[PDB]
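*Asks:* Take a look at the following structure, please.
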Amino acid sequence: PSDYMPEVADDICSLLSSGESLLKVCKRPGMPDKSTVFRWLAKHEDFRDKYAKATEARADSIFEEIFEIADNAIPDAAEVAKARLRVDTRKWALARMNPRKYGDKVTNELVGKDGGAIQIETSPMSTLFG
Amino acid sequence: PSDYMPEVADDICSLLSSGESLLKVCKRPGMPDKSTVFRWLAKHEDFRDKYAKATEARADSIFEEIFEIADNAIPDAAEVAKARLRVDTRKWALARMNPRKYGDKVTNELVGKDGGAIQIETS
Amino acid sequence: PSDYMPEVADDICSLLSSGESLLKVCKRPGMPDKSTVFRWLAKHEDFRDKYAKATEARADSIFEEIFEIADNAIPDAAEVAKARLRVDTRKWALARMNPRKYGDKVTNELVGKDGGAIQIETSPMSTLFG
Amino acid sequence: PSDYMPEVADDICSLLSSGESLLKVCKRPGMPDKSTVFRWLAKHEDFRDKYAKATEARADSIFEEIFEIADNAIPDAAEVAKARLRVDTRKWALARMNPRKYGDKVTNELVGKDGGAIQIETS
Amino acid sequence: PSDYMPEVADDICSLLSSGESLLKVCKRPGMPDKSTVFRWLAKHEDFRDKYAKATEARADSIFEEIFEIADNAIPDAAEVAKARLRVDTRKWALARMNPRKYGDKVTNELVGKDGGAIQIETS
Amino acid sequence: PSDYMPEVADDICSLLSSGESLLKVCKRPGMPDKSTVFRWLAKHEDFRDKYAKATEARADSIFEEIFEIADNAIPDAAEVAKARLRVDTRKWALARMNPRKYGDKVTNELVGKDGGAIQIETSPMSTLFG
Amino acid sequence: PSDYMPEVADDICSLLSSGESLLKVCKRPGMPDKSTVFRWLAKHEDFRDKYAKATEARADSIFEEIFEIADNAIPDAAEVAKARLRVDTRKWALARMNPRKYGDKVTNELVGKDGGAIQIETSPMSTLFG
Amino acid sequence: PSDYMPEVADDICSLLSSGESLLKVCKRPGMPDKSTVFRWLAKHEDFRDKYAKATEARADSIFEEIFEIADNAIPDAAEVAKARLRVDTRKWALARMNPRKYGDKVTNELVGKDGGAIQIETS
C-alpha cells in the first residue's frame with residue numbers, strides 16, 4: 001500500500017496504542033512499510049493527530065510491559081543482558097513519548113553559601129552583551 | 001467488557017491499592033483488558049483520579065518489595081543481574097508513580113565565583 | 001490480623017526503627033501482612049505519624065548498616081554483586097526516607113561567560129505566554 | 001560531482017527523509033561524496049535548511065529502529081553488547097538530530113531550605 | 001542501659017571522633033545499643049550537636065581510609081570488586097556526613113543562546 | 001618540515017575536515033609531526049582560522065562515522081568493547097568540537113513546591129558579601 | 001608520639017605535599033598514628049593552616065600521578081580494575097581537596113521554550129510561605 | 001636545584017607546551033623535582049601564568065592523543081580496559097586543564113509547568 005488509506009492508518013493507531021512498536025506493526029499481513037507510514041504522517045493531519053494519541057497510549061502500555069520483561073527474564077547471562085537492553089530502551093523512549101509523565105523527576109533544595117540565603121550581587125553591564 | 005462501568009473501576013482501584021499490578025488485575029475473569037482500562041481513564045476524569053491514588057498506594061508496596069528482591073537474591077551471577085534489573089526497573093517506575101515522594105533528591109548549595117556572591121550583570 | 005491493633009502497630013514501628021524492612025517484619029510470628037499494614041496506615045493518623053518517626057529512625061539505622069554489608073561481603077563474584085545491589089538499594093531508599101539528610105549534596109559555583117559575571121538580557125514578552 | 005546542484009540536493013534530502021543514511025546515499029553512482037555534501041551545506045543556506053528537516057525525518061525512523069535492535073538482539077554475550085552499543089549510539093545521535101523532541105526530559109521541583117521558600121539576599 | 005546519660009554520651013562522641021564506627025562503639029560493654037543512642041539524639045538537642053561534630057571528625061578519618069582501601073586492594077577480580085564497593089559506599093556516606101566538605105563540586109558557566117547573554121522575557 | 005608551509009597546512013585542513021584525526025594525518029608521507037602543527041597554529045592566524053573551520057567539518061564527518069563503528073563491530077567481546085571505546089571517545093570529542101551542535105540536550109520543566117509556583121523570598125543582605 | 005610535636009607535623013606536611021596519603025605517611029618510622037594527627041589538627045591552628053597548604057600541594061601531585069597509574073597498569077583484568085579504582089578514588093578526592101581547580105566543569109547554554117527567550121511569569125504569593 | 005630560576009622555568013613551559021608531561025620533564029638532568037616546580041609556582045605569580053598557558057597547550061596535544069589510544073587499542077579484554085582507563089583519565093584531566101574548552105557542554109531548554117511560562121511567586 002502506497003496511497004493513504006484511513007482504515008489502515010486507524011488499525012496502525014490501535015496496534016500502537018496497545019504497546020506494539022511501529023516496525024513490528026508494519027510486518028503484519030497487508031500493512032504498509034515504515035517509510036510509507038511516515039509519508040502518510042507527513043501529509044495527513046488527521047492521521048498525525050490520531051497517531052499522537054496512540055503514542056501516549058503506547059507509552060502507558062509499555063510502562064506496564066517493563067516490569068514483565070524484567071521479572072520474566074531467563075536467568076542466563078546473555079538473556080538477562082538482553083532483557084536489560086530491552087528495558088533500558090523502553091525507559092528512554094517513554095520519556096520522549098510523554099515527557100511530562102515519564103521524564104526524570106528531581107526535587108532540588110536550593111540554598112546559599114554555608115546553608116544560608118543565596119547571595120546575589122547585581123552590577124551594571126561591564127561589556128556590550130546586549 | 002468494554003463499556004465504562006463504575007464499581008468495576010472502583011474494584012480495579014482497590015485491587016491496585018492492595019499492591020496488585022494492572023496486568024494481573026486484567027487477567028481476572030470479567031475484567032476489561034489493558035487497552036480498555038486506559039480508554040476509560042482517557043474519557044473519564046473521575047476515574048483518572050481514583051486510579052492515580054491507587055497508583056501511589058501501589059508504589060508504596062513496590063518500595064518495600066525492592067528490599068526483598070535485593071536481600072533475597074540468589075547468589076549466582078545471572079540471578080543477581082536479574083535481581084538488579086528488577087530493582088532498577090522498580091526504582092525508575094516509582095519516581096514516575098509518585099514523583100514528589102520517590103523522585104531524586106538533591107540539595108544544591110549555590111555560590112558565586114571563588115565562593116563569593118553570585119555575580120549578575122543585567123541590561 | 002485484619003482489624004487495626006495499636007499494640008501490633010507499635011511493635012511494627014519499633015522493629016522498623018531498628019532498620020528491619022517491612023516485608024521482613026511482616027514475616028514474624030503473628031504479624032499482619034503488608035497489605036493489612038498499608039490499610040491500617042491509610043485509616044489511622046496515629047499510626048501514620050508514628051510510622052513517619054519510625055521511617056526516619058529506620059533510615060539512620062540503615063545508614064550504619066551499609067558499611068557492614070560492604071565490609072563483610074564474601075569475596076566471590078556473585079556475592080559481591082549481591083552486596084552491591086543490597087547497598088545500592090539502601091542508598092537509593094535512604095534519600096527517599098529522609099531527603100534532607102540523605103539526598104545528594106552538590107555545591108554549584110555559578111559564573112558567567114568567560115568566567116565573568118552572568119549576563120542577563122531582559123525583554124518584553126514577544127508572545128502571549130501569560 | 002562537486003559543483004553545487006539543486007535537484008540533486010533535493011534528491012539527497014528525499015533519500016534521507018525516507019530513513020537512508022548519508023553514508024549510503026553518497027555511495028550511490030552520481031552522488032557527491034560526503035565532504036562535498038557538507039561543503040555545499042556550508043556555502044548554501046537554503047540547503048542547510050531542507051537537509052535539517054530531512055534529518056529530523058530520519059531521526060523519526062531511527063527512533064523506531066532502536067526498538068527492533070533491542071528486541072531482536074541475538075542472545076549471545078558479544079551480540080547483546082553490540083546491540084547495546086548500536087542502540088546507545090542511536091539514542092545519543094537522536095538527541096542531536098532533534099533536540100526538542102529527543103533530548104533528555106527532566107522536571108525539577110525547586111524548593112528552598114527545609115522545603116520552605118527559596119531564600120535570596122541581594123546587594 | 002537505656003536512660004539518657006551525659007558523660008557516656010560524651011564518651012561515645014570521643015570514640016567516634018577518633019574514627020571508631022557507632023556499630024563498634026555500641027558493641028562495648030556498658031554501652032547503649034544502636035537504637036538507644038538514636039532515641040537519645042532525638043529527645044536531646046545538646047547531644048544531637050556534639051554527635052554531629054564527632055560525625056564530621058569521623059568523616060575526616062574515613063576520607064583517608066579510602067586511599068588505603070583502593071591502594072592495598074588484593075589484585076583478584078572479586079577482591080577488587082569488594083574494595084570498589086567499600087570505597088563507593090564510603091564516598092557516598094562522606095557526602096552525607098559533611099555535605100559542605102565532601103559533597104559534589106561543580107562550576108557551571110551559565111551563558112545564553114549561541115553564547116550570548118541569557119535572554120529572559122517577563123510578564 | 002619545521003618552517004610554516006601554507007600548502008601543507010591546507011592539506012592538513014582538508015584531511016581533518018573529512019574526519020581523520022590529527023595524529024593519523026601526521027603519520028602520512030611528508031607531513032609535519034603533531035608538535036610542529038601545534039607550533040604553526042600558535043603563530044599563524046590564517047591557519048588557526050582555517051583549522052577552526054576544518055574542526056567543525058571534522059565533527060560532522062565523525063557524527064556519521066559513529067554509526068558505522070557500532071554497526072560493523074566484530075561480535076567478539078574485546079572487539080565490541082573496543083568499538084564502544086572508539087564511539088565513546090568520539091561522542092565526547094564531538095561535544096567539544098562543536099558544543100552548540102553536539103553538546104547534551106536537556107529540557108527542564110521548572111516547577112515549585114508541590115507542583116505549584118516557584119516560591120522565592122527576598123531579604124536584605126545579612127552579611128557583607130558585596 | 002602523643003604530645004604535639006611541630007617538627008613532626010612539618011614533616012607530615014612535606015610528605016603529604018608530595019602526594020603521599022596520610023595513612024601511608026603515618027606508617028613511616030617514628031610517625032604518629034592517624035588519630036594522633038587528627039587530634040593535633042583539632043588543637044593547633046598553626047598545623048591546621050600548614051596542613052591546608054599541604055593538601056593543595058598534595059592535590060597537584062596526585063593530578064600528575066593519575067596518568068602514571070593508568071598508563072603503567074598491568075594488562076591483566078584484575079590489575080586494570082585495581083588501577084581504575086585507584087584512579088577513580090583520586091579523581092573523587094581531588095575535587096574535594098581543591099574544588100575550584102578540580103571540581104567538575106560544565107558550560108550550560110540556557111534557552112527558553114522552543115529555543116526562544118526564557119519565559120517567566122511572576123505572581124503574588126498565593127500561600128503563606130514567608 | 002631548588003632555587004627559583006627563570007629561563008629554566010621558561011624551558012619547562014616550552015617542554016610542556018610541546019606535549020611533554022611534567023613528570024618526564026622533571027626526570028631530565030638539571031631539572032628541579034616535581035615538588036620544587038610547585039613551590040615555585042606558589043611563590044611566583046609570573047610563573048603560575050606562563051605555566052597555565054603551557055598547560056592549555058599540553059591539553060590540546062592530549063586531546064588528539066585520546067583518538068590514538070582508542071583507535072589503536074589492542075583487541076584483548078584487559079588491554080581494551082586499560083585503554084579505556086587511559087582515555088577516561090585524560091578526558092577527566094582535560095576538563096580541568098582547560099575548563100572553557102574541554103568542560104562538559106549542555107544546552108538546557110528551561111520551561112515552566114506543562115510547557116508554559118515558568119511560574120514564580122515572590123514575597
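Quick note on naming: the chains in the C-alpha cells go A, B, ... in the order shown, residues restart at 1 in each chain, and ligands are numbered from 1 in order of appearance.
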Chain D near chain H within 12 Å: what's each residue's closest atom pair and its distance in Å to one decimal, counting only C-alpha atoms, ordered by chain then ascending residue number, as CSV?
*Replies:*
```
residue,atom,partner,partner_atom,distance
D:95,CA,H:107,CA,11.2
D:96,CA,H:107,CA,10.8
D:99,CA,H:107,CA,9.3
D:100,CA,H:109,CA,8.3
D:101,CA,H:109,CA,11.5
D:103,CA,H:108,CA,9.5
D:104,CA,H:108,CA,9.4
D:105,CA,H:109,CA,9.7
D:106,CA,H:110,CA,10.0
D:107,CA,H:113,CA,8.6
D:108,CA,H:112,CA,9.7
D:109,CA,H:113,CA,9.9
D:110,CA,H:120,CA,10.5
D:111,CA,H:120,CA,11.4
D:117,CA,H:122,CA,9.1
D:118,CA,H:122,CA,9.5
D:119,CA,H:123,CA,10.2
D:120,CA,H:122,CA,10.5
```
*Asks:* Restrict the distance test to only C-alpha atoms, flag each residue of chain G within 7 Å of chain E, and return the flagged residues as a compact mmCIF listing (two decimals) with N, CA, C and O atoms, in the first residue's frame.
*Replies:*
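This went into selection_31.txt:
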```txt
# COMPACT_ATOMS: atom_id res chain seq x y z
N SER G 21 49.62 9.63 50.87
CA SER G 21 48.40 9.66 51.67
C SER G 21 48.75 9.66 53.16
O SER G 21 49.82 9.17 53.55
N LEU G 22 47.85 10.18 53.98
CA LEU G 22 48.12 10.29 55.41
C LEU G 22 48.39 8.94 56.08
O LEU G 22 49.32 8.81 56.89
N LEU G 23 47.58 7.93 55.75
CA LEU G 23 47.76 6.62 56.38
C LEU G 23 49.13 6.04 56.02
O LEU G 23 49.78 5.39 56.84
N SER G 35 45.03 8.89 64.25
CA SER G 35 44.18 9.50 65.27
C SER G 35 44.89 10.66 65.95
O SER G 35 44.31 11.72 66.19
N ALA G 78 42.25 -8.06 36.62
CA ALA G 78 42.15 -7.59 37.99
C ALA G 78 43.06 -6.40 38.27
O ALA G 78 42.69 -5.49 39.02
N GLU G 79 44.24 -6.40 37.68
CA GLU G 79 45.15 -5.28 37.91
C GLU G 79 44.62 -4.01 37.23
O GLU G 79 44.81 -2.91 37.75
N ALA G 81 41.42 -3.36 36.78
CA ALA G 81 40.31 -2.95 37.64
C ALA G 81 40.83 -2.24 38.89
O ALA G 81 40.22 -1.27 39.37
N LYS G 82 41.95 -2.72 39.42
CA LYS G 82 42.53 -2.06 40.58
C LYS G 82 43.07 -0.68 40.23
O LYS G 82 42.89 0.27 41.00
N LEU G 85 40.16 1.62 40.06
CA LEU G 85 39.71 2.01 41.40
C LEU G 85 40.66 3.04 42.01
O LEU G 85 40.22 4.00 42.64
N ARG G 86 41.96 2.85 41.85
CA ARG G 86 42.90 3.81 42.39
C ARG G 86 42.77 5.19 41.75
O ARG G 86 42.87 6.20 42.43
N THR G 89 39.35 6.82 42.75
CA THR G 89 39.36 7.33 44.12
C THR G 89 40.08 8.68 44.17
O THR G 89 39.63 9.62 44.84
N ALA G 95 38.69 16.61 43.75
CA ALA G 95 37.66 17.64 43.71
C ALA G 95 37.35 18.14 45.12
O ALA G 95 36.96 19.28 45.29
N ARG G 96 37.52 17.29 46.13
CA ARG G 96 37.25 17.74 47.49
C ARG G 96 38.44 18.50 48.06
O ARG G 96 38.27 19.42 48.86
N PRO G 99 38.27 22.17 45.27
CA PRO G 99 37.02 22.21 44.50
C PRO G 99 37.09 23.17 43.33
O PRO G 99 36.57 22.88 42.25
N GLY G 103 37.08 20.47 40.66
CA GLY G 103 35.67 20.13 40.58
C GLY G 103 35.24 19.93 39.13
O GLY G 103 36.00 20.21 38.21
N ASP G 104 34.03 19.44 38.92
CA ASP G 104 33.53 19.27 37.55
C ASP G 104 33.36 20.63 36.88
O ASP G 104 33.12 21.64 37.55
N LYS G 105 33.44 20.63 35.55
CA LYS G 105 33.33 21.86 34.77
C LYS G 105 32.22 21.67 33.75
O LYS G 105 32.24 20.70 32.99
N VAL G 106 31.24 22.56 33.76
CA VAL G 106 30.13 22.46 32.82
C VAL G 106 29.84 23.85 32.29
O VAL G 106 29.90 24.82 33.04
N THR G 107 29.55 23.94 31.00
CA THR G 107 29.02 25.17 30.43
C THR G 107 27.55 24.89 30.06
O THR G 107 27.27 23.98 29.27
N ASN G 108 26.62 25.64 30.64
CA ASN G 108 25.20 25.44 30.36
C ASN G 108 24.71 26.59 29.50
O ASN G 108 24.73 27.74 29.95
N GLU G 109 24.31 26.29 28.27
CA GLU G 109 23.65 27.26 27.40
C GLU G 109 22.17 27.25 27.77
O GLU G 109 21.48 26.25 27.54
N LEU G 110 21.70 28.35 28.34
CA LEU G 110 20.33 28.43 28.85
C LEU G 110 19.44 29.12 27.83
O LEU G 110 19.69 30.28 27.48
N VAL G 111 18.42 28.40 27.36
CA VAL G 111 17.45 28.96 26.43
C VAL G 111 16.03 28.65 26.94
O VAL G 111 15.86 27.88 27.88
N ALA G 117 13.43 33.05 24.04
CA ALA G 117 13.74 33.57 25.36
C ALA G 117 13.11 32.72 26.48
O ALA G 117 12.06 32.10 26.30
N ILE G 118 13.75 32.73 27.65
CA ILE G 118 13.19 32.04 28.82
C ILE G 118 11.98 32.84 29.29
O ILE G 118 12.10 34.04 29.54
N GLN G 119 10.84 32.18 29.40
CA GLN G 119 9.56 32.84 29.70
C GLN G 119 9.27 32.75 31.18
O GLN G 119 9.11 31.66 31.70
N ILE G 120 9.18 33.90 31.86
CA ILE G 120 8.90 33.90 33.29
C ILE G 120 7.65 34.72 33.60
O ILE G 120 7.53 35.86 33.14
N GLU G 121 6.74 34.14 34.36
CA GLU G 121 5.53 34.82 34.77
C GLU G 121 5.57 34.96 36.28
O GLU G 121 5.65 33.97 37.01
N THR G 122 5.55 36.20 36.77
CA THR G 122 5.60 36.44 38.21
C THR G 122 4.21 36.74 38.73
O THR G 122 3.41 37.40 38.07
```
*Asks:* Quick one: residues within 12 Å of residue A:65, only C-alpha atoms, excluding same-chain residues fewer than 4 positions away - as a ChimeraX atom specification?
*Replies:* /A:18-20,58-61,69-72,83,86-87,90-91,94 /B:21-24,34,89,93
*Asks:* Can I get the selected residues back with C-alpha atoms, as a PDB file, in the first residue's frame?
*Replies:*
```pdb
ATOM      1  CA  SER A  18      -1.542  -1.438  22.799  1.00  0.00           C
ATOM      2  CA  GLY A  19       2.249  -1.125  23.010  1.00  0.00           C
ATOM      3  CA  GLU A  20       3.427  -2.701  19.763  1.00  0.00           C
ATOM      4  CA  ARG A  58       1.549   3.202  23.617  1.00  0.00           C
ATOM      5  CA  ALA A  59       3.657   4.737  26.371  1.00  0.00           C
ATOM      6  CA  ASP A  60       1.183   3.719  29.096  1.00  0.00           C
ATOM      7  CA  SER A  61       1.136   0.158  27.750  1.00  0.00           C
ATOM      8  CA  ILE A  69      10.356  -8.044  30.778  1.00  0.00           C
ATOM      9  CA  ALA A  70      12.464  -7.784  33.936  1.00  0.00           C
ATOM     10  CA  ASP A  71      10.515 -10.216  36.101  1.00  0.00           C
ATOM     11  CA  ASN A  72      10.378 -12.964  33.478  1.00  0.00           C
ATOM     12  CA  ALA A  83      16.243  -8.032  28.976  1.00  0.00           C
ATOM     13  CA  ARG A  86      15.036  -4.033  26.133  1.00  0.00           C
ATOM     14  CA  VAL A  87      14.001  -2.338  29.374  1.00  0.00           C
ATOM     15  CA  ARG A  90      11.824   1.431  26.670  1.00  0.00           C
ATOM     16  CA  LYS A  91      12.658   3.639  29.648  1.00  0.00           C
ATOM     17  CA  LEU A  94       8.934   6.541  27.332  1.00  0.00           C
TER      18      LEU A  94
ATOM     19  CA  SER B  21      -0.333  -4.943  39.166  1.00  0.00           C
ATOM     20  CA  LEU B  22      -2.707  -3.794  36.397  1.00  0.00           C
ATOM     21  CA  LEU B  23      -1.512  -6.712  34.265  1.00  0.00           C
ATOM     22  CA  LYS B  24      -2.651  -9.266  36.835  1.00  0.00           C
ATOM     23  CA  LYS B  34      -5.433  -3.359  29.468  1.00  0.00           C
ATOM     24  CA  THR B  89      13.124  -1.072  36.846  1.00  0.00           C
ATOM     25  CA  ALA B  93       8.961   3.346  37.877  1.00  0.00           C
TER      26      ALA B  93
END
```
*Asks:* Please provide the set of residues having any atom within 12 Å of stretch 2-13 of chain A, restricted to only C-alpha atoms, with same-chain residues fewer than 2 positions apart removed, written as a ChimeraX atom specification.
*Replies:* /A:15-58
*Asks:* Up to 9 Å from chain G, what residues of chain C turn up? Count only C-alpha atoms and give them as a ChimeraX atom specification.
*Replies:* /C:109,113,122-123,125-126,129-130
*Asks:* State, in Å with one decimal place, the distance from atom CA of residue B:51 to atom CA of residue B:13.
*Replies:*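 Distance between the two atoms: 5.6 Å.
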*Asks:* Matching every Cα in sequence order between the two identical chains, what are the coordinates of chain E once fitted onto chain H? Write them as an mmCIF file with C-alpha atoms, in the first residue's frame.
*Replies:*
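Saved file result20.cif follows:
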```
data_model
loop_
_atom_site.group_PDB
_atom_site.id
_atom_site.type_symbol
_atom_site.label_atom_id
_atom_site.label_comp_id
_atom_site.auth_asym_id
_atom_site.auth_seq_id
_atom_site.Cartn_x
_atom_site.Cartn_y
_atom_site.Cartn_z
ATOM 1 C CA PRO E 1 68.267 22.653 42.044
ATOM 2 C CA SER E 2 65.686 24.254 44.333
ATOM 3 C CA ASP E 3 66.255 27.995 43.955
ATOM 4 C CA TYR E 4 63.725 29.625 41.657
ATOM 5 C CA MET E 5 65.291 30.417 38.293
ATOM 6 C CA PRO E 6 63.592 31.980 35.269
ATOM 7 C CA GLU E 7 64.849 30.648 31.934
ATOM 8 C CA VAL E 8 64.744 27.188 33.497
ATOM 9 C CA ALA E 9 61.082 27.877 34.231
ATOM 10 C CA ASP E 10 60.812 29.197 30.669
ATOM 11 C CA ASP E 11 62.328 25.910 29.498
ATOM 12 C CA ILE E 12 59.878 23.791 31.488
ATOM 13 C CA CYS E 13 56.989 25.742 29.975
ATOM 14 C CA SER E 14 58.309 25.160 26.468
ATOM 15 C CA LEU E 15 58.727 21.462 27.177
ATOM 16 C CA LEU E 16 55.142 21.267 28.438
ATOM 17 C CA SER E 17 53.737 23.296 25.547
ATOM 18 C CA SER E 18 55.242 20.711 23.198
ATOM 19 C CA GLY E 19 53.208 17.917 24.795
ATOM 20 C CA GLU E 20 55.705 16.612 27.349
ATOM 21 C CA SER E 21 54.341 15.715 30.799
ATOM 22 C CA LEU E 22 55.693 17.424 33.941
ATOM 23 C CA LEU E 23 56.762 14.013 35.246
ATOM 24 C CA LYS E 24 59.033 13.405 32.262
ATOM 25 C CA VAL E 25 60.333 16.974 32.211
ATOM 26 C CA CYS E 26 61.491 16.737 35.825
ATOM 27 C CA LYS E 27 63.252 13.443 35.115
ATOM 28 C CA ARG E 28 65.711 15.366 32.931
ATOM 29 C CA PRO E 29 69.176 16.152 34.393
ATOM 30 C CA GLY E 30 69.404 19.635 35.904
ATOM 31 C CA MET E 31 65.620 19.873 36.220
ATOM 32 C CA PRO E 32 64.011 20.681 39.583
ATOM 33 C CA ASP E 33 61.910 17.863 41.013
ATOM 34 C CA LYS E 34 58.103 17.871 40.985
ATOM 35 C CA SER E 35 57.750 19.410 44.449
ATOM 36 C CA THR E 36 60.170 22.212 43.614
ATOM 37 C CA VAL E 37 58.290 23.190 40.466
ATOM 38 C CA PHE E 38 55.107 23.583 42.537
ATOM 39 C CA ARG E 39 56.758 25.535 45.342
ATOM 40 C CA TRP E 40 57.988 27.899 42.631
ATOM 41 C CA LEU E 41 54.536 28.309 41.099
ATOM 42 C CA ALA E 42 53.102 29.096 44.544
ATOM 43 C CA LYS E 43 55.674 31.778 45.431
ATOM 44 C CA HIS E 44 55.845 33.239 41.902
ATOM 45 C CA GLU E 45 52.789 34.641 40.123
ATOM 46 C CA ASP E 46 54.576 35.223 36.804
ATOM 47 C CA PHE E 47 55.418 31.536 36.613
ATOM 48 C CA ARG E 48 51.904 30.420 37.616
ATOM 49 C CA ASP E 49 50.746 32.224 34.479
ATOM 50 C CA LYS E 50 53.271 31.068 31.853
ATOM 51 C CA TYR E 51 52.759 27.528 33.152
ATOM 52 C CA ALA E 52 48.975 27.733 32.904
ATOM 53 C CA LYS E 53 49.285 28.625 29.220
ATOM 54 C CA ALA E 54 51.657 25.705 28.617
ATOM 55 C CA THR E 55 49.089 23.550 30.414
ATOM 56 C CA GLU E 56 46.412 24.567 27.901
ATOM 57 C CA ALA E 57 48.848 23.850 25.078
ATOM 58 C CA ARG E 58 49.571 20.444 26.552
ATOM 59 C CA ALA E 59 45.836 19.732 26.769
ATOM 60 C CA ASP E 60 45.470 20.371 23.054
ATOM 61 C CA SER E 61 48.057 17.616 22.440
ATOM 62 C CA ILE E 62 46.353 15.184 24.826
ATOM 63 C CA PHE E 63 43.031 15.819 23.078
ATOM 64 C CA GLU E 64 44.492 14.342 19.920
ATOM 65 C CA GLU E 65 46.188 11.534 21.843
ATOM 66 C CA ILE E 66 42.857 10.075 23.015
ATOM 67 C CA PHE E 67 41.839 9.284 19.457
ATOM 68 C CA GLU E 68 45.007 7.257 19.000
ATOM 69 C CA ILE E 69 44.715 5.411 22.316
ATOM 70 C CA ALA E 70 41.161 4.318 21.464
ATOM 71 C CA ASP E 71 41.692 3.511 17.782
ATOM 72 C CA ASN E 72 44.957 1.622 18.287
ATOM 73 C CA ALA E 73 43.848 -0.321 21.370
ATOM 74 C CA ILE E 74 44.888 -3.981 21.376
ATOM 75 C CA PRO E 75 41.698 -6.066 20.874
ATOM 76 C CA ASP E 76 42.174 -8.110 24.038
ATOM 77 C CA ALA E 77 39.866 -7.688 27.043
ATOM 78 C CA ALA E 78 42.402 -6.354 29.580
ATOM 79 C CA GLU E 79 44.187 -4.176 27.019
ATOM 80 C CA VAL E 80 40.895 -2.600 25.961
ATOM 81 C CA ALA E 81 40.025 -1.992 29.623
ATOM 82 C CA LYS E 82 43.439 -0.344 30.088
ATOM 83 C CA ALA E 83 42.952 1.810 27.006
ATOM 84 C CA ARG E 84 39.562 2.851 28.327
ATOM 85 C CA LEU E 85 41.123 3.823 31.652
ATOM 86 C CA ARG E 86 43.846 5.823 29.895
ATOM 87 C CA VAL E 87 41.239 7.640 27.792
ATOM 88 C CA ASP E 88 38.849 8.260 30.705
ATOM 89 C CA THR E 89 41.664 9.665 32.833
ATOM 90 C CA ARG E 90 42.679 12.015 30.028
ATOM 91 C CA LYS E 91 39.105 13.157 29.382
ATOM 92 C CA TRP E 92 38.700 13.996 33.052
ATOM 93 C CA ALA E 93 42.050 15.801 33.182
ATOM 94 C CA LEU E 94 41.392 17.842 30.022
ATOM 95 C CA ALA E 95 38.326 19.434 31.567
ATOM 96 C CA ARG E 96 40.489 20.630 34.439
ATOM 97 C CA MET E 97 43.369 21.801 32.251
ATOM 98 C CA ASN E 98 41.133 23.999 30.111
ATOM 99 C CA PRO E 99 37.591 24.150 31.517
ATOM 100 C CA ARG E 100 36.218 26.612 28.958
ATOM 101 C CA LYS E 101 37.306 24.387 26.095
ATOM 102 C CA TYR E 102 37.060 20.839 27.427
ATOM 103 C CA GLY E 103 34.397 21.053 30.126
ATOM 104 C CA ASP E 104 31.009 19.400 29.638
ATOM 105 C CA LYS E 105 28.619 21.121 27.249
ATOM 106 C CA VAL E 106 24.874 21.206 27.884
ATOM 107 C CA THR E 107 22.024 23.211 26.387
ATOM 108 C CA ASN E 108 19.103 23.452 28.825
ATOM 109 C CA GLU E 109 15.722 24.473 27.458
ATOM 110 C CA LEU E 110 14.049 25.946 30.530
ATOM 111 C CA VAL E 111 10.241 25.876 30.533
ATOM 112 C CA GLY E 112 7.508 26.020 33.188
ATOM 113 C CA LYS E 113 4.726 23.689 34.314
ATOM 114 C CA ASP E 114 3.140 21.861 31.377
ATOM 115 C CA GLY E 115 5.482 23.655 28.972
ATOM 116 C CA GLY E 116 4.033 27.068 29.743
ATOM 117 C CA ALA E 117 5.834 30.006 31.317
ATOM 118 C CA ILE E 118 7.982 29.443 34.416
ATOM 119 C CA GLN E 119 5.719 30.461 37.335
ATOM 120 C CA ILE E 120 7.311 32.414 40.190
ATOM 121 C CA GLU E 121 5.718 33.858 43.330
ATOM 122 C CA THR E 122 7.734 36.381 45.334
ATOM 123 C CA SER E 123 7.262 37.715 48.856
#
```
